[PDB]
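Protein chains in written order, with the UniProt record's numbering: chain A, 4 to 186; chain B, 20 to 43, 46 to 61, 64 to 78, 88 to 105, 112 to 127, 133 to 150, 157 to 181, 186 to 212, 217 to 230; chain C, 83 to 117; chain D, 2 to 156, 164 to 175; chain E, 2 to 73, 147 to 156, 166 to 227, 239 to 260; chain F, 2 to 197; chain G, 4 to 128.
Just so you know, even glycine gets a beta-carbon here, dropped at the ideal spot from N, CA and C.
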RNA sequence: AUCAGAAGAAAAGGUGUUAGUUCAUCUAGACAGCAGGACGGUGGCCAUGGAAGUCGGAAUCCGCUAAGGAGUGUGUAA
RNA sequence: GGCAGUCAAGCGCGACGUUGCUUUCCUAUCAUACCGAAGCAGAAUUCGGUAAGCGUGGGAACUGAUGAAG
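Structure, rendered in structure tokens:
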């Protein structure tokens, strides 16, 4: 074909700007900046919407068109509604210690199966994690950038990752159950 | 195509039915068959599909949408009797801790090993015993609540013209 | 044990160097810089 | 370049056959000495009249009556493969039947690496209706609201002073 | 360790907090994992993986056909059988029994060689009674005397796989 | 159309194997070529494309006195200087006399900061390469193989730009005065009919 | 700002025998060829490719595939000529065509011109 | 192309790619995506400690419909 | 793995199937590092993968010591 267009309506967020080849997406919760070098695609603004166009190309570039459409929409969800995820811990005999430091950025984790290894989980830039108080053994992490938020908890899931034991009997550990917006 | 043609041919004969001029959800398939059992039937197919085959019929084709069907058993039973059933996707409350499938009405089947894992809600199954609002009135029917109300005891669903042969007066009442 | 480029012997050392020797070295060069 | 040639011919008449039949071909040839050589090729495989029997009577060029009007050509090709079995139907959008078969050869030279004698074109018809065009990309250069930026831009004398605009 | 005295105990002890989400995602990832496993694999191990893949493709095609139908020095260096003996035949090289497969019965059964009727190589080979393909050999047919032609080359194979001439 | 006694070719945005062939002929032509910002050259193919094509060249040494083997140079300047060394008959007397006319350096030294920097329109990346292609930057590449001077030049070049930017505004403010004085000379507007 | 290939888009033949003549596109036939015409009768209607033409920013309203007189009829009404000349693009390219018919003595008279012009550096000090 | 490119292996594999050939349906609503229905004889007979469709062996019949497989696996000792 | 038989992808054979007996170098890891899978509670063990760096399956002028000179 000669055209491949997909447009998403811009919400009431503060900025849907794409100037200078960068995604400076600012909303009501805050401002987010991201590099727009995923692929040379036509980001065109039309009033209250931003149109993504891939004109006169093949599928190898056209398949990446929907990714930026999702990535901007993912940034739009963080700019407008944000992201708030809750991770649930499981303790059977030795409770796993957890200490939020640097406004919840430096997560001092210990006593995973009673181990003396000091597990320091440094949060990604722009995300704040906290121990949820409603449900025990629950950690609530929220932020604007969902990609940095999701990768941090996955890193937290990879922090106290069980090894050198049978996964069946040894089953208590760190898990993620709630993954949703901040609004 | 043939299946749609089979429903259009049957509806054509249902349009040529004797009387009772019937034009008639969240209930089960047994409820329709029981209604077919209480009828000397349960055959809807696709909405407006027969209208596409049929083509005051022009005004009736405009109103041809939704769940309708020709049958001959009636009018009082349709107006008064409405079958209670679980709805599709009141303020049902989630009982914390050890819960029962009857929402406390059991004078408590808490041994739901596979269903608790299939639920995904925040309920810890400590020592094999599950321990943690199911719904809210005035809000939309949540599918997760609909999955919860399927396990719960919430039957919150109560499941207009006479197209006569000589009259053919499809009233809008 | 471990090897030369072993991260296992180096990842815990960086956390071990946060406490222990680093502050004592800062306490060592403070009096050394004193005239 | 190419030039489409109308060719007709027959065999030598005998006492048994006082009037031989006449056979017309519309084929393509960069000059006329290859037309009257390709003509005896097709007619030998179909009518079995050899070169030592037949004779050639008339060669003429067919200039395109409307070279200024855009058209779309459906192209029937019998392609002689390494197994020697391919009937092919392909569409090209351009102005002239001379110009289509050049592009037909070029594409056929790329994807299927066909030579001169490996191709015997079967029939060329100016397809006209929009509902019969069976190609997605040919269809899209035919919608009234078409548009595109320029591709393959590049706007001696080495050592340019400033940066090219490339816009 | 498993189902006996572990599984029901695990039921009272609970499973992993994400035992189901990990399997389904891995199940969905397998549909794309087989392509790179077929692309990036090289060597004899790739062909071994392709051997089962070609078998699986053949197995599925036969199942698809069935489901559609369901929907509807002077020495003898060759093997022998046992002046005029100029060559030397080894005791290990000499063969006395042969896997005789009957033509009509199709019974591949090990039977002894009653004799060597004719060797197609040379009369001296027939005099020596060497084992070779296509040679006529006397075989006892009482437990089935009959002749047979060797359908397999016992030299490269090592076993006298012969078919009955009758 | 240039026969300068010295040319300075700023190399940001060029290709390696196409500039090294343009330059190699102008060296034999008699010019005196200086290639600045050699660190920001480009090569077709993604980051690992030339990376194993040069990590392979590191596996290639002599097997007699291995201090006599191939000298795998790691600087971004000598990466391209190697490229102009096989393009010339460097085993003759006209090759090794041509090579001393080429000065290939990284960054921009002050002896060439204050001079014109021509570019080659036949070797540029934004022209010769299809949009949305894989390309690697030499100075970003050779750092990963041993050229340990990346963080200094990226710091140094940043200072030169803002100084050159300050140079430009004073130059830009200069011709805005003559922009007025050009039309203020009345002879321009009635005697522009000689084309000017 | 980005310019496109339309129907009725004004272009400029940059590589050909009609190099520099303002022509207008008529019908788009492919991704590399097109239908192009100009009211100047010395420019016959023909199929220019995009490798030897340069777009122009000025666009003009025209249905598909008009005949040449109607191209001239729409050209004269929507006055593309002298609308092109208003631009600074035309000023250089036209002056390129005057500064190349300059003989020796006229290219010597411009020497006098810029000598009458150089001493005008008397400015607000 | 993570050294692509400037006969010996070769049968075959790719959720590799571009062009095509033959088939079907398709605003009587494509595919997908989601809501809901997805039933009664019946827990058919053997099979067994425990088999209700899903340890399992021949059938595997049916009333009902737009639909339900003595059942598609998950799953429970069932 | 070979012989005999039944099929049957397809173009008289036919594939996967079914029936009869018989110094140094190099990874292709032997341990150490790291993981994956397994009735893997733990220990211990098996299989598989990266991995030849170092240890414990194969291949076969060079280093010193002065020295002029932009």
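The alpha-carbon separation between residue 142 of chain F and residue 24 of chain F amounts to approximately 22 Å. Taking 7 Å as the cut-off, the beta carbon of residue 26 of chain D is found closer than this to the beta carbon of residue 8 of chain D. With 16 or more neighbouring CB atoms inside 10 Å of its own CB, residue 215 of chain E falls in the buried class. Residue 143 of chain D does not reach chain A, its nearest Cβ partner there being about 11 Å away, counting only Cβ pairs nearer than 8 Å.
If you check each beta-carbon in the stretch 100–132 of chain D against every beta-carbon of chain G, none falls closer than 8 Å. The stretch 122–139 of chain F and the stretch 35–49 of chain F touch, with no fewer than 3 CB-CB distances between them shorter than 8 Å. Between the alpha carbons of residue 169 of chain B and residue 180 of chain A lies a gap of roughly 8 Å. Annotated as proximal: residue 5 of chain A and residue 141 of chain D, with beta-carbon spacing under 7 Å. With contacts defined as CB atoms closer than 7 Å, residue 63 of chain D and residue 103 of chain D fail to qualify as a contacting pair. In the three-state scheme derived from DSSP, where H, G and I count as helix and E and B as strand, residue 15 of chain D is classed as coil.
About 6 Å separates the CB atoms of residue 92 of chain D and residue 134 of chain D; that is less than 8 Å, so the two are in contact. Judged by DSSP in its simplified three-state form, residue 39 of chain F adopts helix.
In this structure, the beta-carbon distance from residue 25 of chain A to residue 39 of chain A falls below 7 Å.
Taking one beta carbon from each stretch, the stretch 37–54 of chain A and the stretch 94–113 of chain A have fewer than 3 pairs nearer than 8 Å; the two do not touch. For residue 157 of chain F, the enclosing alpha helix (DSSP H) covers residues 151–185. Short of 7 Å from the beta carbon of residue 128 of chain A, and not among the five residues preceding or following it, lie these beta carbons of its own chain, in chain order: 151. DSSP lists D:9 as the bridge partner or partners of residue 25 of chain D. Residues of the stretch 138–171 of chain A with a C-beta atom less than 7 Å from some C-beta of chain B are 138, listed in chain order.
Residue 190 of chain E is classed as exposed because its beta carbon has fewer than 16 other beta carbons within 10 Å across all chains shown. By the CB criterion at 7 Å, residue 34 of chain F and residue 89 of chain F fall outside the cutoff. When secondary structure is reduced to three states using DSSP, residue 138 of chain B falls in the coil class, being assigned neither helix nor strand. Sequence-distant partners of residue 259 of chain E (beyond 5 residues in either direction) whose C-beta falls short of 6 Å from its own C-beta, in its chain, are 241, 242, 243.
Exclusion of the five residues before and after residue 72 of chain B leaves 23, 26, 27 as the residues of its chain whose Cβ lies within less than 7 Å of its Cβ. A residue is called buried once 16 or more other Cβ atoms fall within 10 Å of its Cβ, and residue 49 of chain A, having fewer, is exposed. With respect to residue 120 of chain A, residue 133 of chain A sits apart: the two C-beta atoms are not nearer than 7 Å. The DSSP-derived three-state label of residue 124 of chain B is coil. Take residue 98 of chain D, set aside five residues on each side of it, and the residues of its chain with a beta-carbon closer than 7 Å to its own are 5, 65, 74, 125, in chain order. For residue 88 of chain A, the enclosing beta strand (DSSP E) has its first and last residue at 86–92. Contact check between the stretch 14–25 of chain G and the stretch 47–62 of chain G: three or more CB pairs, one atom from each, fall below 8 Å, which counts as touching. The residue among D:83, D:68, D:121 with its C-alpha nearest the C-alpha of residue 96 of chain D is D:68. Contact annotation: residue 145 of chain D and residue 59 of chain A have beta-carbon atoms that are not nearer than 7 Å. Rounded to the nearest whole angstrom, the CA to CA distance from residue 170 of chain D to residue 42 of chain E is 50 Å. With a cut-off of 8 Å on Cβ pairs, the stretch 183–192 of chain F is not in contact with the stretch 36–55 of chain G, counting fewer than three such pairs. The three-state reading of DSSP puts residue 108 of chain G in helix, counting H, G and I together. With the criterion set as a beta carbon lying under 8 Å from some beta carbon of chain B, the members of the stretch 2–15 of chain E are 12, 13, 14, 15, in sequence order. Rounded to the nearest whole angstrom, the C-alpha separation of residue 105 of chain D and residue 81 of chain D is 15 Å.
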